[PDB]
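Just one chain is shown here, as C-alpha coordinates, and it is the form solved without its partner chain.
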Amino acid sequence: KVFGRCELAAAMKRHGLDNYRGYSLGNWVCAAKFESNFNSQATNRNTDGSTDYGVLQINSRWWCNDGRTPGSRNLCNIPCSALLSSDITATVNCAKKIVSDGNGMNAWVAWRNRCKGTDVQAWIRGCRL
(Lines give C-alpha, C1' and ligand atoms only; values in the text may rest on other atoms or scores of the structure.)
Protein backbone atom coordinates (compact mmCIF):
# COMPACT_ATOMS: atom_id res chain seq x y z
CA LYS A 1 0.00 0.00 0.00
CA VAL A 2 1.39 3.40 -0.94
CA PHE A 3 0.10 5.82 1.74
CA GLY A 4 -0.78 9.48 1.46
CA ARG A 5 1.22 11.79 3.78
CA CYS A 6 -1.86 12.79 5.89
CA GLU A 7 -3.32 9.32 5.64
CA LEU A 8 -0.21 7.88 7.21
CA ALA A 9 0.03 10.70 9.73
CA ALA A 10 -3.52 9.91 10.88
CA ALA A 11 -2.91 6.25 11.19
CA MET A 12 0.24 6.66 13.04
CA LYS A 13 -1.52 9.07 15.38
CA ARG A 14 -4.33 6.68 15.98
CA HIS A 15 -1.70 4.05 16.78
CA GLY A 16 -0.22 6.16 19.54
CA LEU A 17 3.01 7.24 17.80
CA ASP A 18 2.64 11.04 18.27
CA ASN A 19 5.01 12.10 20.96
CA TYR A 20 5.84 8.56 21.57
CA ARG A 21 9.14 8.77 23.58
CA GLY A 22 9.11 12.55 22.86
CA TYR A 23 9.04 12.31 19.03
CA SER A 24 6.33 14.39 17.51
CA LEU A 25 4.30 12.98 14.62
CA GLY A 26 6.20 14.95 12.04
CA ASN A 27 9.30 12.99 12.89
CA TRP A 28 7.58 9.68 12.25
CA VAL A 29 6.14 10.77 9.04
CA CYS A 30 9.39 12.34 7.90
CA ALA A 31 11.22 9.13 8.59
CA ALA A 32 8.65 7.05 6.63
CA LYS A 33 8.95 9.35 3.73
CA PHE A 34 12.64 8.90 3.47
CA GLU A 35 12.85 5.30 4.50
CA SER A 36 10.38 3.87 2.05
CA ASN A 37 8.63 6.67 0.28
CA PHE A 38 5.40 5.82 2.22
CA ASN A 39 5.33 2.34 0.49
CA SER A 40 4.45 -0.50 2.93
CA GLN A 41 5.83 -3.01 0.41
CA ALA A 42 9.40 -1.58 0.41
CA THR A 43 12.35 -3.95 0.89
CA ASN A 44 16.09 -3.29 0.70
CA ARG A 45 18.78 -5.85 1.25
CA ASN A 46 21.92 -4.85 3.05
CA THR A 47 25.49 -5.95 2.74
CA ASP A 48 25.47 -7.88 5.95
CA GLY A 49 22.73 -9.95 4.26
CA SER A 50 20.00 -8.54 6.35
CA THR A 51 16.95 -6.85 4.76
CA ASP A 52 14.85 -3.79 5.75
CA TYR A 53 11.08 -4.08 5.49
CA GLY A 54 8.08 -1.74 5.25
CA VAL A 55 7.35 1.95 5.61
CA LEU A 56 9.87 2.28 8.40
CA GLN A 57 12.33 -0.17 6.97
CA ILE A 58 12.75 -2.35 10.06
CA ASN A 59 15.79 -4.57 9.88
CA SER A 60 15.80 -8.33 9.75
CA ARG A 61 19.11 -8.55 11.81
CA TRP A 62 17.44 -7.71 15.17
CA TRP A 63 13.79 -7.06 14.84
CA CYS A 64 11.86 -9.52 12.70
CA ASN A 65 12.32 -13.04 11.31
CA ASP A 66 12.78 -13.43 7.57
CA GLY A 67 14.22 -16.89 7.49
CA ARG A 68 17.36 -15.88 5.86
CA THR A 69 19.30 -13.64 8.31
CA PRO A 70 21.61 -16.00 10.30
CA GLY A 71 21.90 -15.00 13.79
CA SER A 72 18.63 -12.93 13.56
CA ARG A 73 17.24 -11.88 17.02
CA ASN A 74 13.50 -11.38 16.21
CA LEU A 75 13.12 -8.88 19.03
CA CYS A 76 9.69 -7.88 17.77
CA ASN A 77 8.47 -11.51 17.49
CA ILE A 78 7.02 -11.38 14.07
CA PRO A 79 7.84 -12.42 10.59
CA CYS A 80 9.23 -9.57 8.51
CA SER A 81 6.46 -9.98 6.00
CA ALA A 82 4.00 -8.73 8.62
CA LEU A 83 5.72 -5.33 8.22
CA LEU A 84 4.64 -5.06 4.61
CA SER A 85 0.93 -5.21 5.25
CA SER A 86 -1.43 -2.26 4.51
CA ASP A 87 -2.33 -2.30 8.18
CA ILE A 88 0.45 -0.48 9.99
CA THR A 89 -0.11 -2.11 13.37
CA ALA A 90 2.82 -4.56 13.42
CA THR A 91 5.10 -1.80 12.06
CA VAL A 92 3.96 0.57 14.79
CA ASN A 93 4.38 -1.97 17.63
CA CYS A 94 7.79 -2.91 16.49
CA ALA A 95 8.85 0.73 15.99
CA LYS A 96 7.82 1.48 19.60
CA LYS A 97 10.24 -1.18 20.78
CA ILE A 98 13.08 -0.01 18.60
CA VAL A 99 12.75 3.65 19.61
CA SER A 100 12.71 2.69 23.31
CA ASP A 101 15.96 0.90 22.68
CA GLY A 102 18.43 3.55 23.69
CA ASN A 103 19.42 5.58 20.62
CA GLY A 104 15.92 6.72 19.98
CA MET A 105 15.05 7.54 16.41
CA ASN A 106 18.77 7.58 15.58
CA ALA A 107 18.02 3.91 14.95
CA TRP A 108 16.78 5.07 11.60
CA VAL A 109 19.63 6.39 9.51
CA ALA A 110 17.33 8.39 7.08
CA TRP A 111 15.81 10.05 10.17
CA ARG A 112 19.21 11.03 11.53
CA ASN A 113 20.44 12.21 8.14
CA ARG A 114 17.37 13.82 6.78
CA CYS A 115 14.88 14.54 9.51
CA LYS A 116 16.71 15.25 12.66
CA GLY A 117 17.06 18.94 13.32
CA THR A 118 14.74 19.92 10.57
CA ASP A 119 11.31 21.52 10.82
CA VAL A 120 9.57 18.16 10.91
CA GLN A 121 6.25 19.77 11.62
CA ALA A 122 6.12 20.50 7.88
CA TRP A 123 5.32 16.80 7.41
CA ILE A 124 1.88 16.97 9.00
CA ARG A 125 0.98 20.37 7.85
CA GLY A 126 -2.42 20.71 6.33
CA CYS A 127 -3.57 17.41 7.59
CA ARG A 128 -6.78 16.95 9.48
CA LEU A 129 -5.74 15.27 12.71
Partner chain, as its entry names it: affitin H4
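Residue numbers count along the first chain shown, from 1.
*Asks:* Should the higher mean CA B-factor in the entry be assigned to 107 to 115 or to 16 to 24?
*Replies:* Mean C-alpha B-factor is greater for 16 to 24.
*Asks:* Which of the two stretches, 75 to 83 or 95 to 103, shows the higher mean Cα temperature factor in the record?
*Replies:* Higher mean C-alpha B-factor in the PDB entry: 95 to 103.
*Asks:* Compare the CA B factors listed in the entry for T43, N65, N46, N37 and report the winner.
*Replies:* Highest CA B-factor of the listed options: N46.
*Asks:* Would you mind ranking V2 by its C-alpha B-factor against the rest of the chain and naming the third, lowest, middle or highest?
*Replies:* Its C-alpha B-factor, which the entry lists for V2, ranks in the middle third among residues of this chain.
*Asks:* Going by the CA temperature factor in the PDB record, which third of the chain does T51 belong to: lowest, middle or highest?
*Replies:* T51: CA B-factor falls in the lowest third of its chain.
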